[PDB]
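To start, the structure itself, in structure tokens.
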Amino acid sequence: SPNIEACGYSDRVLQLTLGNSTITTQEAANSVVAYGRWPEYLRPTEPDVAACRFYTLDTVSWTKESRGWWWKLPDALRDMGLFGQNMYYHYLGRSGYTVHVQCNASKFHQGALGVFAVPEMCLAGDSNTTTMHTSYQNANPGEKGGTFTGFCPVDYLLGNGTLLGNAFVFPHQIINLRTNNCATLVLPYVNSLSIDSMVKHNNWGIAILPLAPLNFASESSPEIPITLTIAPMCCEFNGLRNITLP
Amino acid sequence: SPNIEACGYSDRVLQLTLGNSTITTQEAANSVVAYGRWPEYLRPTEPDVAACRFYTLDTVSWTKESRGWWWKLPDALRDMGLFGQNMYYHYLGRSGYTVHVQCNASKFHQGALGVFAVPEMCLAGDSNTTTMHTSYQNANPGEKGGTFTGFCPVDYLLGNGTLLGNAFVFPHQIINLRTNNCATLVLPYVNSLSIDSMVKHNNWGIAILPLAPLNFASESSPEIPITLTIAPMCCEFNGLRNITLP
Amino acid sequence: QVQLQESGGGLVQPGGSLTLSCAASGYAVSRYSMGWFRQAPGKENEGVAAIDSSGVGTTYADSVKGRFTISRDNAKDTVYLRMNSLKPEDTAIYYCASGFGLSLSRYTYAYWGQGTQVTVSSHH
Amino acid sequence: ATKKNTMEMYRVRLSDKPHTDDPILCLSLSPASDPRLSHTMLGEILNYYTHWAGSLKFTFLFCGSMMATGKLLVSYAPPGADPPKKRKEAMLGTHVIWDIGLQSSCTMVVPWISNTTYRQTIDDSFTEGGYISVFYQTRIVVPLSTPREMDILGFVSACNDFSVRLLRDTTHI
Amino acid sequence: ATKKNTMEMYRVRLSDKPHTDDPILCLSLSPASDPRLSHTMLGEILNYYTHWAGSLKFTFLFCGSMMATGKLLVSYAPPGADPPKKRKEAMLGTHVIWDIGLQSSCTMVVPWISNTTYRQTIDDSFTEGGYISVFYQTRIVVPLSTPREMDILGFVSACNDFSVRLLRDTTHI
Amino acid sequence: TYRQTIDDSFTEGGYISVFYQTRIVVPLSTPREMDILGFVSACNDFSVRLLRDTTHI
Amino acid sequence: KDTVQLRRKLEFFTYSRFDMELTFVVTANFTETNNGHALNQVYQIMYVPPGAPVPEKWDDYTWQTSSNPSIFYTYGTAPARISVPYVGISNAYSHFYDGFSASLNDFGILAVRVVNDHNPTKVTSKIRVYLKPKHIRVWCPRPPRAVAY
Amino acid sequence: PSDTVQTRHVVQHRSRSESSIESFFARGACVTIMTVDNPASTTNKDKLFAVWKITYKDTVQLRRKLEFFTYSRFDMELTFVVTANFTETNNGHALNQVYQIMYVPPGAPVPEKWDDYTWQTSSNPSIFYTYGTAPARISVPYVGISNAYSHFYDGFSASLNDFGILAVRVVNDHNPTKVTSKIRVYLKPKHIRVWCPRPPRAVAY
């Protein structure tokens with residue numbers, strides 16, 4: 001689905017400075033808009049560049065035994081400065097995400113990391129007569145993130161009873177080491193409602209699985225790292241409530 | 001009161017070189033003019049850029065047990081080159097201040113430093129039938145500055161019998177670590193008279209209290225530092241007197 | 001001025017079933033929920049038990065639960081906390097407060113008690 | 001008891017406790033009939049009158065380790081209706097889902113949905129006005145091992161349409 | 001046996017074996033009459049109809065150590081004709097000599113060279129359609145001592161001219 | 001877009017219901033129990049489809 | 001209906017619409033004859049819109065109410081005030097309703113309690129409620145109820 | 001002919017009308033089987049009434065089809081093929097019966113005893129179906145509280161959406177010869193629109 005061939009190595013370093021944050025992207029080109037829709041404003045209180053700056057989650061290590069990783073939005077970003085506050089200080093909140101997953105390795109490492117963004121990704125519990133199941137905390141790992149396995153999501157079933165070989169129906173890009181180091185995903189606000197209760201309902205699910213295994217030349221770095229940088233796009237909330245100071 | 005959200009991290013470094021002095025401000029934007037009034041000239045002898053350059057006081061250390069700090073103007077600047085001389089060589093002197101308090105910490109430190117500029121800040125002595133009390137020296141700490149406590153000013157009473165939760169009536173900015181590193185306060189000349197005897201009467205009181213406690217991630221720098229840079233704005237004095245060489 | 005006088009606080013011994021009581025001055029009990037907080041020696045305050053006598057909605061702490069019983073009077077306007085099966089950790093200084101509420105939380109409270117320590121220590 | 005009168009009477013500590021729906025803070029917007037709003041500057045002026053009209057705005061400056069994120073839910077329940085005790089409940093009334101990670105300072109303007117043309121500043125009856133309430137929408141997420149209990153501050157003020165009448169007082173000895 | 005149902009059912013491993021002309025992969029382009037193409041999304045939709053027309057395109061994303069090079073030969077043999085077993089044989093039919101070293105992703109659009117106007121989605125007869133076949137044109141060349149067995153992925157999809165008819169189904173208990 | 005004419009399920013459609021709002025008031029001593037008639041019909045927008053039947057012996 | 005002064009006055013008409021302003025003069029004092037002490041108290045007053053759950057035990061969920069308006073009144077300041085506009089389900093409040101289904105109109109319920117916890121010295125407090133109907137308009141004018149209510 | 005370049009595909013559409021969303025779901029499928037009766041006997045089990053909560057989740061055919069998406073809006077048409085027969089082996093007789101079928105909008109009181117007030121309902125729509133005629137039909141439009149029905153709802157509070165409840169009973173009184181009847185319910189979602197497309201649930205439900 002994501003059959004692209006930018007250049008191969010590196011050309012230009014174009015840095016994305018949004019407010020206080022500053023990422024230096026591999027380039028910037030090769031970006032996939034989810035369903036071809038940009039995050040707009042509800043057609044409220046708009047905290048702009050204050051609540052629209054790059055927060056970077058924990059960098060997880062990809063090793064020969066790694067089965068994968070998965071996060072939840074907004075959830076992950078609930079412990080990030082301003083956006084975190086605006087999440088716990090409102091009853092309403094709609095905000096998009098520019099998930100920019102960067103992965104650096106040498107011209108001696110091989111593998112394929114596919115980033116699948118699943119809308120409303122409920123995780124493993126063939127309990128139709130009852131989803132949610134796994135407690136709020138077991139369902140919300142936050143910034144640290146949860147992991148797939150061969151609170152138990154089965155990787156080949158994308159952790160939801162649907163073969164990963166079909167996962168490609170969701171918006172996604174394959175970071176294939178020999179190609180791009182970067183992967184760009186802009187997910188617009190998708191929900192059954194106009195605006196919603198961010199603390200309860202999880203709008204998105206970034207899941208990074210390993211398509212090809214990692215193989216480093218003879219002896220090198222036993223493991224490489226993958227970084228997730230996310231940023232709230234066109235964020236609005238209604239309406240403050242007793243700046244409930246902690 | 002100071003509900004701002006610049007960017008978050010760092011964008012541009014704009015340096016303020018006034019004469020011989022050179023500060024490199026975090027940016028420069030997010031400046032609060034006290035009561036919205038700029039330091040003007042009495043509507044004398046004007047020593048300009050010679051007496052209008054940045055002098056930097058002692059950098060005090062903010063630690064988990066810190067109750068606060070407070071200074072006096074002109075007092076603090078009485079030991080600073082030209083402005084210090086012009087303070088002891090005249091009977092008259094009116095001059096404003098651009099208190100630029102900068103505070104640097106990592107994205108792993110949390111806390112809130114509020115800078116309250118109190119006009120005519122008399123310190124603790126419920127002796128109405130008699131203020132001043134504490135001797136000239138016990139009242140004038142100078143460049144080193146004096147400290148609040150849980151010559152004894154009680155922090156919750158801003159060291160004057162008035163709850164700190166009201167302190168926000170005076171001109172002020174809250175340096176809230178996760179936001180800005182810098183705080184800017186321009187205080188125009190405020191006094192009962194047109195011009196005055198600088199050695200005796202203290203026009204201002206910069207008091208930096210800790211709103212939120214300091215909390216550094218796991219193990220890091222046990223304490224961070226806070227710097228005070230002050231500069232005399234539109235300074236005039238009348239009239240020299242026997243360059244009373246010391 | 002609302003007054004909540006904290007009475008019934010005295011030395012018990014591991015397994016004690018003492019009771020605390022507080023009156024309501026200036027307001028009618030049902031207008032404010034009622035609770036308790038303990039300052040554990042050298043520790044921060046912890047919520048223990050809280051209910052609103054309006055319709056009586058019971059809520060207890062994780063440790064405290066089952067053993068302690070929060071009950072409310074609307075005639076004498078008093079809160080009766082039956083501190084049953086008192087243990088060594090429960091050796092703390094209690095305080096009765098009126099909330100909104102309707103349960104355990106550091107803030108969310110208005111008027112506070114003076115102070116009373118129920119020492120759960122078996123001594124001779 | 002211990003934290004009143006000390007400087008800690010302003011630091012609202014978000015603890016390392018569970019997802020108990022009991023609000024992390026409920027403020028009664030009943031000026032004189034609630035001890036907390038009477039020590040504010042805005043409250044002090046309201047002790048020199050009998051009536052007040054207009055809106056009051058609440059600000060929440062989060063003071064948590066930059067990297068740290070989360071979502072809180074500041075909610076308001078109009079006059080008369082009982083203070084919301086469960087998240088969902090509050091979540092249905094006027095509320096802003098304030099994002100810690102995005103914007104540090106959260107403002108919520110409480111309107112003037114009042115019966116009469118002028119409300120009281122006396123404790124004759126507990127005419128419960130609004131209810132500023134803050135709940136854990138998500139929970140706080142912290143990077144690495146940064147202190148898991150940071151604080152918040154709350155600021156209250158009047159709006160340009162705020163007014164008072166009938167000059168009365170109370171001074172003692 | 002072991003690799004079916006596990007996540008390895010997608011990793012096509014180019015081994016460290018000889019120049020045996022036996023193809024490195026032969027896929028029967030007979031939708032229902034071949035178990036592999038029936039688990040694809042494109043296959044799932046074709047289990048809800050009886051007929052299908054138009055083209056199907058195959059993509060091959062090579063996941064091998066940047067520096068590593070080689071040439072593979074993706075070949076297609078039109079309907080009816082037996083699946084090519086030797087390189088040369090396949091090399092004479094429709095084929096693309098895909099270069100590992102140059103372009104990572106290889107596309108080969110299989111046309112619509114069909115007898116009737118609509119082909120079947122049932123196993124009545126094995127009306128062998130096409131044959132996507134991949135052979136070792138050269139062999140893989142690896143720099144220094146980088147793992148000598150890397151993997152490839154295959155993607156199938158419909159083209160804009162692809163259509164279906166006669167809504168039928170099969171759901172069970 | 002089209003409802004059934006079979007008793008597969010009791011897909012309760014509408015409910016024409018008549019209630020005593022007030023009560024009947026009669027002059028002098030006229031019979032205290034009189035009758036009413038009900039008439040049902042289709043409207044100009046009423047339509048049918050799929051010709052089926054059932055005739056028996 | 002509880003107080004006479006306001007009742008007769010309102011009865012001079014049959015129908016009305018009125019934005020209702022309420023004032024809460026809260027006064028307290030200690031009960032027991034003791035030199036016991038207390039910190040300033042905060043009372044929560046709750047207005048509950050007509051047709052909602054009425055709070056019983058001072059405890060229960062209905063005291064949190066994600067919807068019901070409330071007023072936290074700190075003691076020793078100007079009395080509290082809220083304005084509840086015409087909350088009628090009809091086009092006017094029916095002073096004298098004729099016919100069948102007395103629940104005249106239902107203007108809501110007020111619940112007041114202390115928020116502070118159990119103080120050793122028990123404090124009583126009386127919550128006086130005042131009602132200034134504002135922007136009032138009336139309809140059919142009846143003769144005044146002469147007698148006692 | 002035999003061509004393999006790397007274009008986009010080859011040509012432009014070739015007619016796909018019957019595969020469109022509206023025609024994909026335009027096939028009514030059984031959703032449940034409700035069994036009633038008219039017991040002269042006090043069978044407080046089948047006791048006239050039979051209540052079923054309107055959920056697609058019960059039948060597989062319609063389920064998988066609806067799962068291919070995450071969100072949907074659909075005007076729902078229901079058909080009621082009602083069939084009967086005598087139970088006991090007896091030459092007992094009966095007059096044609098009239099069944100009342102009740103659609104109850106989501107979030108209302110669910111009827112228990114065939115008796116109770118909730119069977120009069122000044123608001124709830126009902127359909128009196130006389131036996132031996134064309135099956136009954138009513139169309140309940142998109143009765144969602146949101147902007148779409150959530151096939152897979154992620155998060156916390158399974159009550160998927162709630163499309164209502166159907167209650168069927170005999171209206172006629174206690175006949176000496178006990179008559180059983182099965183009420184088949186058909187559901188043709190019409191004017192259907194869908195959103196995010198997930199991979200199909202492979203397994204068993």
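Note on naming: chains are A, B, ... as they come in the structure tokens, residues start from 1 per chain, ligands start from 1 in the order shown.
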task: Write down as a PyMOL selection string the residues belonging to segment 49-150 of chain B that are assigned strand (DSSP E or B) by DSSP computed on the backbone.
output: chain B and resi 55-56+60-62+69-70+73+92-103+109-117+146+149
So that each row is one residue of chain H with an atom at most 6 Å from chain E, can you give its shortest atom pair and the distance in Å to one decimal, using only C-alpha atoms, rows by chain and rising number, as a Markdown table?
| residue | atom | partner | partner_atom | distance |
| --- | --- | --- | --- | --- |
| H:4 | CA | E:109 | CA | 5.1 |
| H:6 | CA | E:107 | CA | 5.5 |
| H:9 | CA | E:159 | CA | 5.0 |
| H:11 | CA | E:161 | CA | 5.8 |
| H:12 | CA | E:161 | CA | 5.2 |
| H:13 | CA | E:161 | CA | 4.3 |
| H:14 | CA | E:161 | CA | 5.4 |
| H:16 | CA | E:163 | CA | 5.4 |
| H:61 | CA | E:171 | CA | 5.5 |
Just the residues within 7 Å of segment 29-44 of chain C, please, counting only C-alpha atoms, with nothing from its chain fewer than 4 positions along; format it as a PDB file with N, CA, C and O atoms, in the first residue's frame.
ATOM      1  N   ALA C  24     -23.085  20.047  64.071  1.00  0.00           N
ATOM      2  CA  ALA C  24     -23.150  20.987  62.949  1.00  0.00           C
ATOM      3  C   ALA C  24     -23.773  22.325  63.322  1.00  0.00           C
ATOM      4  O   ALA C  24     -24.990  22.418  63.528  1.00  0.00           O
ATOM      5  N   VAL C  48     -10.487   9.134  55.057  1.00  0.00           N
ATOM      6  CA  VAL C  48     -10.934   7.901  55.746  1.00  0.00           C
ATOM      7  C   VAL C  48     -12.397   7.480  55.471  1.00  0.00           C
ATOM      8  O   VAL C  48     -12.622   6.372  54.961  1.00  0.00           O
ATOM      9  N   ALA C  49     -13.367   8.345  55.785  1.00  0.00           N
ATOM     10  CA  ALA C  49     -14.793   8.048  55.544  1.00  0.00           C
ATOM     11  C   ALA C  49     -15.616   9.300  55.331  1.00  0.00           C
ATOM     12  O   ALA C  49     -15.414  10.294  56.028  1.00  0.00           O
ATOM     13  N   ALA C  50     -16.544   9.239  54.373  1.00  0.00           N
ATOM     14  CA  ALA C  50     -17.405  10.380  54.054  1.00  0.00           C
ATOM     15  C   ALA C  50     -18.762  10.087  53.397  1.00  0.00           C
ATOM     16  O   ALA C  50     -18.851   9.354  52.403  1.00  0.00           O
ATOM     17  N   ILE C  51     -19.814  10.681  53.966  1.00  0.00           N
ATOM     18  CA  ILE C  51     -21.184  10.527  53.468  1.00  0.00           C
ATOM     19  C   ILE C  51     -21.976  11.827  53.621  1.00  0.00           C
ATOM     20  O   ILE C  51     -21.652  12.661  54.476  1.00  0.00           O
ATOM     21  N   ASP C  52     -23.005  12.003  52.796  1.00  0.00           N
ATOM     22  CA  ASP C  52     -23.871  13.180  52.904  1.00  0.00           C
ATOM     23  C   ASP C  52     -25.199  12.705  53.478  1.00  0.00           C
ATOM     24  O   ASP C  52     -25.904  11.911  52.851  1.00  0.00           O
ATOM     25  N   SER C  53     -25.546  13.202  54.661  1.00  0.00           N
ATOM     26  CA  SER C  53     -26.786  12.789  55.326  1.00  0.00           C
ATOM     27  C   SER C  53     -28.096  13.038  54.561  1.00  0.00           C
ATOM     28  O   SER C  53     -29.148  12.505  54.957  1.00  0.00           O
ATOM     29  N   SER C  54     -28.021  13.835  53.486  1.00  0.00           N
ATOM     30  CA  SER C  54     -29.167  14.161  52.622  1.00  0.00           C
ATOM     31  C   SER C  54     -29.926  12.888  52.198  1.00  0.00           C
ATOM     32  O   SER C  54     -31.150  12.775  52.361  1.00  0.00           O
ATOM     33  N   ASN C  74     -29.614  13.822  61.719  1.00  0.00           N
ATOM     34  CA  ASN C  74     -30.160  15.055  61.182  1.00  0.00           C
ATOM     35  C   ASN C  74     -30.930  15.814  62.260  1.00  0.00           C
ATOM     36  O   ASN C  74     -31.359  16.955  62.038  1.00  0.00           O
ATOM     37  N   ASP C  77     -27.721  16.562  64.339  1.00  0.00           N
ATOM     38  CA  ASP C  77     -26.797  16.916  63.252  1.00  0.00           C
ATOM     39  C   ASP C  77     -25.371  16.388  63.457  1.00  0.00           C
ATOM     40  O   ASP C  77     -24.385  17.082  63.169  1.00  0.00           O
ATOM     41  N   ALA C  92      -3.597   7.498  64.371  1.00  0.00           N
ATOM     42  CA  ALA C  92      -3.486   8.818  63.767  1.00  0.00           C
ATOM     43  C   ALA C  92      -4.435   9.859  64.366  1.00  0.00           C
ATOM     44  O   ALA C  92      -5.400   9.521  65.059  1.00  0.00           O
ATOM     45  N   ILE C  93      -4.144  11.128  64.084  1.00  0.00           N
ATOM     46  CA  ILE C  93      -4.940  12.252  64.577  1.00  0.00           C
ATOM     47  C   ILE C  93      -6.072  12.541  63.584  1.00  0.00           C
ATOM     48  O   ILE C  93      -5.828  13.000  62.461  1.00  0.00           O
ATOM     49  N   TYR C  94      -7.302  12.270  64.010  1.00  0.00           N
ATOM     50  CA  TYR C  94      -8.485  12.478  63.166  1.00  0.00           C
ATOM     51  C   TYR C  94      -8.976  13.924  63.134  1.00  0.00           C
ATOM     52  O   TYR C  94      -8.626  14.728  64.003  1.00  0.00           O
ATOM     53  N   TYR C  95      -9.765  14.248  62.108  1.00  0.00           N
ATOM     54  CA  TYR C  95     -10.331  15.578  61.925  1.00  0.00           C
ATOM     55  C   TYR C  95     -11.637  15.442  61.141  1.00  0.00           C
ATOM     56  O   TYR C  95     -11.657  14.783  60.097  1.00  0.00           O
ATOM     57  N   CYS C  96     -12.717  16.051  61.641  1.00  0.00           N
ATOM     58  CA  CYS C  96     -14.021  16.002  60.952  1.00  0.00           C
ATOM     59  C   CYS C  96     -14.255  17.244  60.124  1.00  0.00           C
ATOM     60  O   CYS C  96     -14.109  18.371  60.608  1.00  0.00           O
ATOM     61  N   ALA C  97     -14.621  17.018  58.868  1.00  0.00           N
ATOM     62  CA  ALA C  97     -14.851  18.102  57.933  1.00  0.00           C
ATOM     63  C   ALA C  97     -16.101  17.958  57.108  1.00  0.00           C
ATOM     64  O   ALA C  97     -16.571  16.861  56.831  1.00  0.00           O
ATOM     65  N   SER C  98     -16.641  19.099  56.719  1.00  0.00           N
ATOM     66  CA  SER C  98     -17.815  19.114  55.900  1.00  0.00           C
ATOM     67  C   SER C  98     -17.390  19.382  54.460  1.00  0.00           C
ATOM     68  O   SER C  98     -16.612  20.298  54.184  1.00  0.00           O
ATOM     69  N   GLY C  99     -17.893  18.569  53.540  1.00  0.00           N
ATOM     70  CA  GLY C  99     -17.554  18.711  52.130  1.00  0.00           C
ATOM     71  C   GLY C  99     -18.726  19.087  51.259  1.00  0.00           C
ATOM     72  O   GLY C  99     -19.605  19.837  51.691  1.00  0.00           O
ATOM     73  N   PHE C 100     -18.738  18.562  50.030  1.00  0.00           N
ATOM     74  CA  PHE C 100     -19.815  18.864  49.081  1.00  0.00           C
ATOM     75  C   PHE C 100     -20.562  17.744  48.331  1.00  0.00           C
ATOM     76  O   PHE C 100     -21.746  17.917  48.079  1.00  0.00           O
ATOM     77  N   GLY C 101     -19.960  16.609  47.972  1.00  0.00           N
ATOM     78  CA  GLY C 101     -18.574  16.212  48.194  1.00  0.00           C
ATOM     79  C   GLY C 101     -18.271  15.143  47.151  1.00  0.00           C
ATOM     80  O   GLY C 101     -17.683  15.450  46.119  1.00  0.00           O
ATOM     81  N   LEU C 102     -18.650  13.887  47.388  1.00  0.00           N
ATOM     82  CA  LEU C 102     -19.327  13.429  48.602  1.00  0.00           C
ATOM     83  C   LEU C 102     -18.437  12.442  49.311  1.00  0.00           C
ATOM     84  O   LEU C 102     -18.919  11.621  50.110  1.00  0.00           O
ATOM     85  N   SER C 103     -17.137  12.529  49.011  1.00  0.00           N
ATOM     86  CA  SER C 103     -16.157  11.623  49.597  1.00  0.00           C
ATOM     87  C   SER C 103     -14.707  12.088  49.827  1.00  0.00           C
ATOM     88  O   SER C 103     -14.402  13.283  49.817  1.00  0.00           O
TER      89      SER C 103
ATOM     90  N   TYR G  43     -20.341  26.508  53.526  1.00  0.00           N
ATOM     91  CA  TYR G  43     -21.608  25.818  53.268  1.00  0.00           C
ATOM     92  C   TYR G  43     -21.836  25.671  51.792  1.00  0.00           C
ATOM     93  O   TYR G  43     -21.506  26.570  51.015  1.00  0.00           O
ATOM     94  N   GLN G  44     -22.397  24.537  51.400  1.00  0.00           N
ATOM     95  CA  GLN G  44     -22.706  24.310  50.010  1.00  0.00           C
ATOM     96  C   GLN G  44     -24.218  24.389  49.912  1.00  0.00           C
ATOM     97  O   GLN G  44     -24.930  23.711  50.654  1.00  0.00           O
ATOM     98  N   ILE G  45     -24.701  25.233  49.014  1.00  0.00           N
ATOM     99  CA  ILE G  45     -26.122  25.381  48.801  1.00  0.00           C
ATOM    100  C   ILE G  45     -26.344  24.867  47.393  1.00  0.00           C
ATOM    101  O   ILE G  45     -25.632  25.231  46.467  1.00  0.00           O
ATOM    102  N   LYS G  57     -29.640  11.180  52.326  1.00  0.00           N
ATOM    103  CA  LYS G  57     -28.446  11.084  53.184  1.00  0.00           C
ATOM    104  C   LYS G  57     -27.493  12.175  52.750  1.00  0.00           C
ATOM    105  O   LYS G  57     -27.312  12.357  51.547  1.00  0.00           O
ATOM    106  N   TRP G  58     -26.865  12.892  53.679  1.00  0.00           N
ATOM    107  CA  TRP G  58     -25.957  13.967  53.262  1.00  0.00           C
ATOM    108  C   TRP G  58     -24.826  13.411  52.376  1.00  0.00           C
ATOM    109  O   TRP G  58     -24.148  14.142  51.664  1.00  0.00           O
ATOM    110  N   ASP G  59     -24.666  12.095  52.430  1.00  0.00           N
ATOM    111  CA  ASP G  59     -23.650  11.347  51.702  1.00  0.00           C
ATOM    112  C   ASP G  59     -23.810  11.280  50.174  1.00  0.00           C
ATOM    113  O   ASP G  59     -23.187  12.037  49.433  1.00  0.00           O
ATOM    114  N   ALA G 111     -30.974  22.355  48.968  1.00  0.00           N
ATOM    115  CA  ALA G 111     -30.313  21.475  49.915  1.00  0.00           C
ATOM    116  C   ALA G 111     -29.089  22.195  50.423  1.00  0.00           C
ATOM    117  O   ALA G 111     -28.286  22.697  49.633  1.00  0.00           O
ATOM    118  N   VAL G 112     -28.943  22.259  51.739  1.00  0.00           N
ATOM    119  CA  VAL G 112     -27.803  22.937  52.311  1.00  0.00           C
ATOM    120  C   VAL G 112     -27.183  22.033  53.349  1.00  0.00           C
ATOM    121  O   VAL G 112     -27.899  21.376  54.089  1.00  0.00           O
ATOM    122  N   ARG G 113     -25.854  21.995  53.379  1.00  0.00           N
ATOM    123  CA  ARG G 113     -25.102  21.211  54.353  1.00  0.00           C
ATOM    124  C   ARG G 113     -23.766  21.902  54.600  1.00  0.00           C
ATOM    125  O   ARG G 113     -23.394  22.826  53.863  1.00  0.00           O
ATOM    126  N   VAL G 114     -23.053  21.449  55.633  1.00  0.00           N
ATOM    127  CA  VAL G 114     -21.717  21.965  55.949  1.00  0.00           C
ATOM    128  C   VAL G 114     -20.751  21.094  55.133  1.00  0.00           C
ATOM    129  O   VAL G 114     -20.979  19.891  54.958  1.00  0.00           O
ATOM    130  N   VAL G 115     -19.680  21.690  54.623  1.00  0.00           N
ATOM    131  CA  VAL G 115     -18.720  20.944  53.809  1.00  0.00           C
ATOM    132  C   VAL G 115     -17.568  20.418  54.655  1.00  0.00           C
ATOM    133  O   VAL G 115     -17.032  19.334  54.403  1.00  0.00           O
ATOM    134  N   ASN G 116     -17.209  21.210  55.660  1.00  0.00           N
ATOM    135  CA  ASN G 116     -16.140  20.918  56.598  1.00  0.00           C
ATOM    136  C   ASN G 116     -16.486  19.641  57.345  1.00  0.00           C
ATOM    137  O   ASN G 116     -17.671  19.315  57.496  1.00  0.00           O
ATOM    138  N   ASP G 117     -15.474  18.908  57.805  1.00  0.00           N
ATOM    139  CA  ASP G 117     -15.751  17.694  58.594  1.00  0.00           C
ATOM    140  C   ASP G 117     -16.038  17.925  60.063  1.00  0.00           C
ATOM    141  O   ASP G 117     -16.028  19.067  60.551  1.00  0.00           O
ATOM    142  N   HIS G 118     -16.281  16.815  60.750  1.00  0.00           N
ATOM    143  CA  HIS G 118     -16.674  16.824  62.152  1.00  0.00           C
ATOM    144  C   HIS G 118     -15.793  17.451  63.226  1.00  0.00           C
ATOM    145  O   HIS G 118     -14.802  16.896  63.709  1.00  0.00           O
TER     146      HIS G 118
END
Can you list every residue of chain A that has an atom at most 12 Å from chain C, with its nearest atom pair and the distance in Å to one decimal, using only C-alpha atoms, ordered by chain then number, as a Markdown table?
| residue | atom | partner | partner_atom | distance |
| --- | --- | --- | --- | --- |
| A:242 | CA | C:108 | CA | 11.2 |
| A:244 | CA | C:107 | CA | 9.3 |
| A:245 | CA | C:107 | CA | 9.4 |
| A:246 | CA | C:107 | CA | 8.7 |
Atoms to include: N, CA and C atoms. Write the selected residues as a CSV table (one decimal), in the first residue's frame.
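Saved file selection_31.csv follows:
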chain,number,residue,atom,x,y,z
A,242,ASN,N,-12.9,25.2,37.6
A,242,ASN,CA,-12.1,25.4,38.8
A,242,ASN,C,-10.6,25.0,38.8
A,244,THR,N,-8.9,23.2,39.0
A,244,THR,CA,-8.8,22.2,40.1
A,244,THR,C,-7.3,21.9,40.4
A,245,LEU,N,-6.6,22.9,41.0
A,245,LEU,CA,-5.2,22.7,41.3
A,245,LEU,C,-5.0,21.4,42.1
A,246,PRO,N,-4.1,20.6,41.7
A,246,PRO,CA,-3.8,19.3,42.4
A,246,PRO,C,-3.3,19.5,43.8
task: Define the interface residues of chain B facing chain A as those within 8 Å, counting only C-alpha atoms, and report them as a VMD selection string.
output: chain B and resid 5 to 11 178
Kindly provide, as a PDB file with C-alpha atoms, in the first residue's frame, the residues of chain H having any atom no farther than 6 Å from an atom of chain F, counting only C-alpha atoms.
ATOM      1  CA  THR H  79     -40.719  -7.111   8.724  1.00  0.00           C
ATOM      2  CA  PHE H  80     -42.817  -9.522  10.804  1.00  0.00           C
ATOM      3  CA  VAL H  81     -43.687 -12.907   9.267  1.00  0.00           C
ATOM      4  CA  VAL H  82     -45.922 -14.386  11.896  1.00  0.00           C
ATOM      5  CA  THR H  83     -46.778 -18.072  11.786  1.00  0.00           C
ATOM      6  CA  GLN H 100     -49.661  -6.731  18.993  1.00  0.00           C
ATOM      7  CA  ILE H 101     -46.042  -5.983  18.206  1.00  0.00           C
ATOM      8  CA  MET H 102     -44.425  -3.117  20.034  1.00  0.00           C
ATOM      9  CA  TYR H 103     -41.368  -1.150  19.069  1.00  0.00           C
ATOM     10  CA  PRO H 125     -45.447   2.776  18.678  1.00  0.00           C
ATOM     11  CA  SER H 126     -47.305  -0.513  18.197  1.00  0.00           C
ATOM     12  CA  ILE H 127     -48.601  -2.651  15.344  1.00  0.00           C
ATOM     13  CA  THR H 133     -52.449 -11.483   5.849  1.00  0.00           C
ATOM     14  CA  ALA H 134     -49.250  -9.966   4.451  1.00  0.00           C
ATOM     15  CA  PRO H 135     -46.575  -9.651   7.136  1.00  0.00           C
ATOM     16  CA  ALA H 136     -46.314  -6.335   9.108  1.00  0.00           C
ATOM     17  CA  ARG H 137     -43.710  -3.610   8.536  1.00  0.00           C
ATOM     18  CA  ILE H 138     -42.377  -0.482  10.285  1.00  0.00           C
ATOM     19  CA  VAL H 168     -45.014  -9.387  21.117  1.00  0.00           C
ATOM     20  CA  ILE H 183     -42.524 -14.221  15.255  1.00  0.00           C
ATOM     21  CA  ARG H 184     -39.692 -13.985  12.742  1.00  0.00           C
ATOM     22  CA  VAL H 185     -38.070 -10.603  12.544  1.00  0.00           C
TER      23      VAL H 185
END
